[PDB]
């Protein structure tokens, strides 16, 4: 009812899930001003989401994303040029506007065999913090960071969401492929690969076998490799709608 209406509203807050939204209703929290008078019942995540509810409702226009990409790129370089960083999402596809900034990161020192190198990610975050681009953190794992950033005002921009994932170097291309989508494109491509005797996921590409239950990841040093394996002409992200 006009109250279910409430669970629907809450859930528009980053952090607030259903189960998580449901309880706050049982506590008598429904509107937003409810929320602000109630920071204490919210986690740090819910918290920040609440703090920029509006801003996070705004879309990101290309010109901005662009500048944003230059900042991330240029900062990561200075720390270590061996770092590879790719801004994925519809934006990579040429999209006129975006929701957030999804950056995939990698480094040769890190592979799926290592599996343990937080400093690699932390180091960049910190540097972004230091330059004043990242403004807050929602959460920060060993391999993933979710936070907020904003373009340097010279006078102001809305704050935007940003994610940074640390991926092992040997799985990185299958990754940039995946996070680049579209979703159809992925599916279509997984479909084909399959006719070709190959299974693809966000981590790897592996040849099939009898009965089907098969595998053993093929080496990939670029996106192109993937298409080679399935022997499909290479589609640039722009031609990736489906």
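Just so we're on the same page, rigid core means the largest C-alpha set that superposes within 1.5 Å between forms. Residue numbers count along the first chain shown, from 1.
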Item checked: Larger mean CA deviation from the shown form in 7 other deposited structures of this protein [core fit; 209-217 vs 41-49] -> 209-217
Note to self: Going by the PDB record, how many residues of the deposited sequence fall between residue 155 and residue 156 without any coordinates: none, 1 to 3, 4 to 9, or 10 or more?
What the structure shows: 1 to 3
Note to self: Test of understanding: from the entry's C-alpha B-factors, which stretch has the higher mean, 84-92 or 113-121?
What the structure shows: 113-121
Next item on the list: Would you determine, from the values in the PDB entry, which of 75-83 and 167-175 has the greater average C-alpha temperature factor?
Entry: 75-83
Notebook entry, point to check: From 181, 61, 49, 209, pick the one with the largest CA B-factor in the entry?
Noted result: 209
Notebook entry, point to check: What third of its chain's C-alpha B-factors does residue 161 belong to: lowest, middle or highest?
Noted result: lowest
Margin query: How does the C-alpha B factor of residue 100 compare with the rest of the chain: lowest, middle or highest third?
Written below: middle
Note to self: Test of reading the entry: by CA B factor among the chain's modelled residues, which third contains residue 227?
What the structure shows: lowest
Margin query: Ranking the modelled residues of this chain by C-alpha B-factor as given in the entry, is residue 187 in the lowest, middle or highest third?
Written below: middle
Check: Which third of the chain holds residue 214 when residues are ordered by C-alpha B factor: lowest, middle or highest?
Finding: highest
